[PDB]
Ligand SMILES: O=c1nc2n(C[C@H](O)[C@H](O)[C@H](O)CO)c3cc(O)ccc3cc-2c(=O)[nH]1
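Read the single chain below, which is given as structure tokens and is the form deposited without the ligand.
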């Protein structure tokens, strides 16, 4: 129980009622530092711990693919917390109003939530803080090393954040203590009812094709805390050995496929790191996978935390803002609208195959994601339009969308964030360029195109 994982958002008078855990980003019962610290505070106060989840009005800004994945996991989570005598309350509406009412109605003594550097999460905290008088804590249950402890500033490169994160690994990379159940069961609708209503409201915006059939294939990633563990065990036993040599081959499914579970917090990355470190395989493949789940994943939280405008052109490096500004008036070879990018109606078959995989599976390959967003910059009227188009298609169709990884991954491709300057080209400027011929020399582009017609 390292006290550096928990930060105080607002001090106040601790009430004589239960400790309330505000689950937002880490929807899981095991390996949850936020839930564990809530159980410790509750035990020292001689009071049980409760879990609350808010079903916000922003769910309609996404699709059914993300609403069903996250609600089906909550149905499994409600069972697991029930086995620990931990009641879970699911509220619908504004967190600033539903939590401020839950705290006063249930006589909350302490409020705890998990950490998320997103702007929407900071909006809820501001509304909640002004409506409560009890202590307010937050816990970094998503990163191995707390985001405010790994670095005190924004790291402009990976080679500057890697020594800082690895130097703190011997302290924060530890095993998880068991979640002690509540002593006695203590003293707002069914999740299946909220799922049917939410789907009926989202159906008119469902992604379809010509024959009115749905585009999403939900049999690729089963949601839940139990399904995340099976995926982790399959990757370590079957795909971890070849990850280093095939992570850039979209025609091979050699990736861990853990991101949708990682985004919703259905599995803890620290648990994944612990299992991989004890696994004996290719050292080059292990070093490559850890550089993705530790360095690049937690540097995305670092990027969103220390850059308020992480989704804007202002967060780009000075060399990239000046390079893009010098090529703003360059005549673009193509200009596609958001509807053409969404439907995959560009002249690039490789790009359309990446967009069709996104629409069909909700998880586009990591390598094509770099090509997918860089061509949005090349075929847009301005870098700002490319950012908004890339963010829209990402957050809407990616199962791991609306994530700090997504915003840091798009800032890297369009604005060179966490990258360096390359040869100066037109339109794109000094941003790293990925050509269609370059992808042909890296993998079989024909097999990837034919797989997603």
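Take the two forms, find the largest set of C-alpha atoms that superpose within 1.5 Å, and that set is the rigid core. Residue numbers count along the first chain shown, from 1.
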| property | result |
| --- | --- |
| Cross-entry absence of residue 187, a third or more of other PDB entries | yes |
| Residues of the deposited sequence that sit between residue 194 and residue 193 yet are not modelled | none |
| 248 to 256 set against 261 to 269, stretch whose average Cα temperature factor tops the other in the entry | 248 to 256 |
| 222 to 230 set against 92 to 100, stretch whose average Cα temperature factor tops the other in the entry | 92 to 100 |
| Given 308, 73, 317, 214, the residue at which the Cα B factor reaches its maximum | 214 |
| Maximum C-alpha temperature factor, selected from 121, 375, 84, 321 | 84 |
| Third assignment of residue 283 from its chain's C-alpha B-factors | highest |
| Residue 22 by Cα B-factor - lowest, middle or highest third of the modelled chain | lowest |
| Chain third (lowest, middle, highest) by recorded CA B-factor, residue given as residue 57 | middle |
| CA B-factor ranking of residue 115, expressed as a third of its chain | lowest |
| Ranked C-alpha temperature factor of residue 105 among modelled chain residues, by third | highest |
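Omitted here: the form solved in complex with the ligand. The next part is about that form.
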| item | value |
| --- | --- |
| Proximity to the ligand in the deposited bound form (heavy atom, within 4.5 Å), stretch among 419 to 427, 381 to 389, 35 to 43, 48 to 56 | 48 to 56 |
| Heavy atom of residue 98 within 4.5 Å of the ligand in the deposited bound form | no |
| Residue 19, heavy atom within 4.5 angstroms of the ligand in the deposited bound form | no |
| Close approach of residue 431 to the ligand in the deposited bound form, 4.5 Å, heavy atom | no |
| Any non-hydrogen atom of residue 64 within 4.5 angstroms of the ligand in the deposited bound form | no |
| Contact residue in the deposited bound form, chosen from 316, 124, 136, 148 - any heavy atom within 4.5 Å of the ligand | 124 |
| Contact residue in the deposited bound form, from 263, 72, 286, 271 (heavy atom within 4.5 Å of the ligand) | 263 |
| Core-superposed comparison between this form and the one not shown - Cα displaced by 2 angstroms or more, from 199, 290, 129, 120 | 199 |
| Core-superposed C-alpha of residue 208 shifting 2 Å or more between this form and the one not shown | yes |
| Residue 384: Cα shift of 2 Å or greater between this form and the one not shown (core-aligned) | no |
| Residue shift check between this form and the one not shown, rigid core fit, residue 67 Cα at least 2 Å | no |
| Inter-Cα distance between residue 334 and residue 207 in the deposited bound form, nearer or further [3 Å or more] | farther |
| Shift in CA distance, residue 195 and residue 69, in the deposited bound form relative to the form shown here, given it is 3 Å or more | farther |
